[PDB]
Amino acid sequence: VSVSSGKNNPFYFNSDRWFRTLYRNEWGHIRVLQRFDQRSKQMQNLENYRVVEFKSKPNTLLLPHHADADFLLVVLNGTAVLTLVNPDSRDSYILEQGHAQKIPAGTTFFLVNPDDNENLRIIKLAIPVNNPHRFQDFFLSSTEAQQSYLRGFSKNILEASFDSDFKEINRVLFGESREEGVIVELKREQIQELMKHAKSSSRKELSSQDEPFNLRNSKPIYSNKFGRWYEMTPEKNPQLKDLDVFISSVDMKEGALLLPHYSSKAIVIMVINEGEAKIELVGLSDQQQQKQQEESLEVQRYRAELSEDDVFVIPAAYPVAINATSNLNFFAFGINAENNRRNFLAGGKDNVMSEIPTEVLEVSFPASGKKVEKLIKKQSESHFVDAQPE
């Protein structure tokens, strides 16, 4: 009580405990995070959002498929070549680390990790269309791990559609063996035959509801010797505006502390790219269970040690702080993002406490307003400060 951690902290999603494997072989894997809403009523409004983590070895290819869900794809580490196959055309995009791209629901696509000696790590925000809680991947490919969805149609339908005998269709499309799974390893020669065509990093990508964007290609919103914060919002990008989601990429050096702060209205889903950190989230809980009886809220403390691939949810308005125990970088999706205001609770810049008039501070706290202000102005830095460990 008063201090929840582990399974007692519903906002912490340990990567080795809360991810479900959709597919996995020796060339990579796809895992989906368990539902947010099933763990806490305080995440009920994240019910139509799922998080997917993808990782593949060098020279790999995720076979063509589409899903009944909108995807906001982000490359955490490595390089990827995303190809959107449309009914009458196709577009390839080279997505370097930090780049993101929206993939409308039902868009057939495939992507490759063109790197010869580096893995590819991607995180995707998924918004299911048919059932708000779950989506399904439809693979067109026919492998030992799955049958092409085309096999879903009867012989008569297939023959008339392809204008050929089923024996042939079956031999060519369903089965000259076939691949093991949806993730296959290609040779350098196979890559260039279509990769060298893809579109590399664009200029000011944040201007097309179809072109990928790099939130790192912008002036950090916060930046000092302890950390830097890059962020792209609905106000800055079309794809983001449609999803009403903002994206953040935060770098923090060992021993840095991201000061206590809260987002006014955005619900934040963060993922550790690399590094380790200690996080503290502050919530409230009513100890009075008799509805028609006076409420009685007590401060609740939710903590966790975050590591690579871990996911943590910061409900809107909940104060939070992060102490980087090693060089760190985390990414975050801000849901209900439009006009979000990040309120810091210490330091110089963006400190909402410093905007409170002296007289109000005086009655709000034990000490005089003068003394409260003296304490407030003690910290010389803003946003990120020295965690002063040991």
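Numbering starts at 1 and follows the sequence shown.
According to the entry, the deposited sequence places 4 to 9 unmodelled residues between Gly175 and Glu176. For the pair 186-194 and 304-312, the record assigns the higher mean C-alpha temperature factor to 186-194. Per the PDB record, of the two stretches 288-296 and 223-231, 288-296 carries the greater mean B-factor over its C-alpha atoms. Each of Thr83, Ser263, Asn156, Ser207 has a CA temperature factor in the record; the biggest one is found at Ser207. The entry assigns its greatest Cα B factor, within the set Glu254, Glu118, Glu280, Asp137, to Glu118. In this PDB entry, the Cα temperature factor of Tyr318 sits in the bottom third of its chain's modelled residues, the lowest group.
Sort the modelled residues of the chain by CA B factor and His29 lands in the highest third. The deposited CA B-factor of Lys57 belongs to the highest third of values across its chain.
When the modelled residues of the chain are ordered by their C-alpha B factor, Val385 lands in the lowest third.
Sort the chain's modelled residues by C-alpha temperature factor and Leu240 lands in the middle third, per the entry.
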